[PDB]
Amino acid sequence: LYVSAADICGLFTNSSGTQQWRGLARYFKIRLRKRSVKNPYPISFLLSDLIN
Amino acid sequence: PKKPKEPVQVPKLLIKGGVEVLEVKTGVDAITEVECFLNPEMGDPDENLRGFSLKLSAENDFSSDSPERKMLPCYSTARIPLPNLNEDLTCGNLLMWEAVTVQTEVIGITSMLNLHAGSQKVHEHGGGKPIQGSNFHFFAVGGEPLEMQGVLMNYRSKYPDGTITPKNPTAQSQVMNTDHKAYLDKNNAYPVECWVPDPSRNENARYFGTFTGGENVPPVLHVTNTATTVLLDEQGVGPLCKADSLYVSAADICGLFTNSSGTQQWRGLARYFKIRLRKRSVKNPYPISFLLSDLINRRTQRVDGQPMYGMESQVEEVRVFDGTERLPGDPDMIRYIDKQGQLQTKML
């Protein structure tokens with residue numbers, strides 16, 4: 001599972017009048033299931049591959 | 001007249017154009033026209049001796065020979081990646097490409113009609129001496145990334161290898177050397193003079209070339225474009241680029257351009273090829289086991305410790321029990337199988 005996120009909260013802008021990045025966590029609560037699928041693929045491809 | 005005459009139930013091109021076409025879905029015979037070509041590899045000194053070699057030495061000795069690349073053509077090769085028929089394919093019939101026509105042609109001479117531009121003034125108030133010499137136009141087409149077979153004279157030479165020569169330097173390297181067996185698996189590396197078919201192995205490539213020795217030897221062409229040569233045989237086959245990757249192979253010595261200094265150097269030129277491809281179906285020809293051994297064990301560890309394996313064996317015996325039968329009164333027999341029948345031998 002590949003996970004991606006981007007979330008510009010900003011820079012914490014220092015007492016200075018300087019800025020510095022700030023980051024935050026992401027949460028996930030995934031609810032998942034199985035889909036049954038066809039192979040169309042094969043051995044044939046193996047063999048050629050094998051061969052390769 | 002003009003007329004709605006029954007206008008031939010000609011085949012169906014579907015598209016054409018280059019590489020994009022490969023990606024295609026399935027349509028049985030499927031067959032194709034390849035209009036390719038290769039540029040030459042001469043040892044190509046540069047951008048002008050781009051398609052021509054470097055020049056050459058003249059009265060020498062084995063001993064007095066170190067090559068360097070530039071004069072050295074090596075054969076031009078390629079894997080052309082070819083479509084996969086088998087990406088899905090899951091049937092007990094197997095499809096492969098079986099190779100149907102080429103009409104290939106060494107292409108685009110026409111500048112070489114310069115008897116000019118440095119073509120060594122033969123004399124007279126006539127012209128130069130352009131190119132020419134021996135020419136070898138050859139190609140081989142393999143299904144395989146083939147068996148070469150190196151051929152050397154001169155194992156008193158000092159050979160390069162980018163221009164990957166054959167190795168080995170026996171006397172017998174000067175005749176056949178059953179060790180200079182190689183394999184072209186390399187663009188411009190088998191320098192041509194160095195390498196030869198291992199044709200005993202070359203069986204899944206077809207080559208045709210006709211090497212044409214001789215001093216200036218004329219190029220007599222033909223420029224037909226109207227009758228291919230067909231890549232079938234008795235069993236209707238040519239190379240088998242089983243490899244849906246293509247092993248492409250060639251040499252095209254036009255001869256030598258003779259500079260005004262007689263700086264003679266091979267000139268080579270590009271060949272165009274025009275190939276006709278089909279899908280041929282086979283059987284299985286190889287079993288599961290033979291395959292299986294791979295995955296399994298490959299995505300795995302090794303176990304070998306105190307030695308058993310091979311022959312280094314704290315292993316002990318390998319014999320054949322089996323059955324339950326009356327009483328052969330030799331039963332501590334030495335029970336064999338001659339292989340096809342049972343050998344029964346002892347000392348007792």
query = Counting other C-beta atoms within 10 Å, which of B:97, A:21, B:266 has the fewest, and how do the rest follow?
reply = A:21, B:97, B:266
message = For a quick check: with amide H placed at 1.01 Å from N, whose amide H comes under 5 Å from residue B:142's, ignoring anything fewer than 5 positions away on the same chain?
response = B:247, B:248, B:249
note = Mean projected area, convex hull of alpha-carbon positions in chain B, reported to one decimal in nm², is 34.1
key: Per-residue ³J(HN,Hα) for region B:82-89, Karplus 6.51 cos²θ - 1.76 cosθ + 1.60, θ = phi - 60°, Hz, x for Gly and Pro   = 10, x, 10, 8, 10, 3, 9, 1
request  = Assign unit charges at the C-beta atoms only (+1 for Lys and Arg, -1 for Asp and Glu), then state the dipole size of region B:285-348 relative to its Cα centre in Debye, rounded to the nearest 20.
outcome  = 260
note = With Cα springs under 10 Å, the Gaussian network model of chain B assigns the largest mean-square fluctuation among B:98, B:20, B:193 to B:20
query = Gap in Å between the Cα centre of region B:189-211 and the Cα centre of region B:85-104?
reply = 25
query = Highest GNM mean-square fluctuation, chain B, Cα pairs closer than 10 Å: which of B:164, B:31, B:15?
reply = B:15
ask   = Which entries in B:167/B:242; B:25/B:279; B:121/B:158; B:167/B:274 show an alpha-carbon gap greater than 24 Å?
value = B:167/B:242; B:121/B:158; B:167/B:274
Spherically averaged projected area of region B:51-146 from its Cα convex hull (nm²) = 11.3
task = Would you kindly state how much longer the chain becomes between residue B:25 and residue B:113 on full extension, computed as 0.36 nm times their sequence separation minus their alpha carbon distance, in nm to one decimal?
result = 27.0 nm
key: For region B:110-172 versus region B:24-49, the gap between their alpha-carbon centres in whole angstrom   = 21
query = Stretch residue B:229-residue B:326 to full length: gain in nm at 0.36 nm per residue minus the Cα-Cα span?
reply = 28.0 nm
task = Could you run the Debye sum over the Cα atoms of region B:59-208, one equal point scatterer each and no solvent, and tell me log10 of I(q)/I(0) at q = 0.09, 0.13 Å⁻¹, two decimals?
result = -0.45, -0.80
request  = Could you tell me whether region B:216-312 comes out rounded, prolate or oblate from its Cα gyration tensor? Rule is a ≥ b ≥ c as square roots of the eigenvalues, rounded for a/c under 1.5, then prolate if a/b exceeds b/c, otherwise oblate.
outcome  = oblate
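No value in this document is a laboratory result; all are computed from the given coordinates. As a convention, Cβ positions derive from the backbone with ideal geometry for all residues, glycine included, and neighbour counts pool all protein chains shown.
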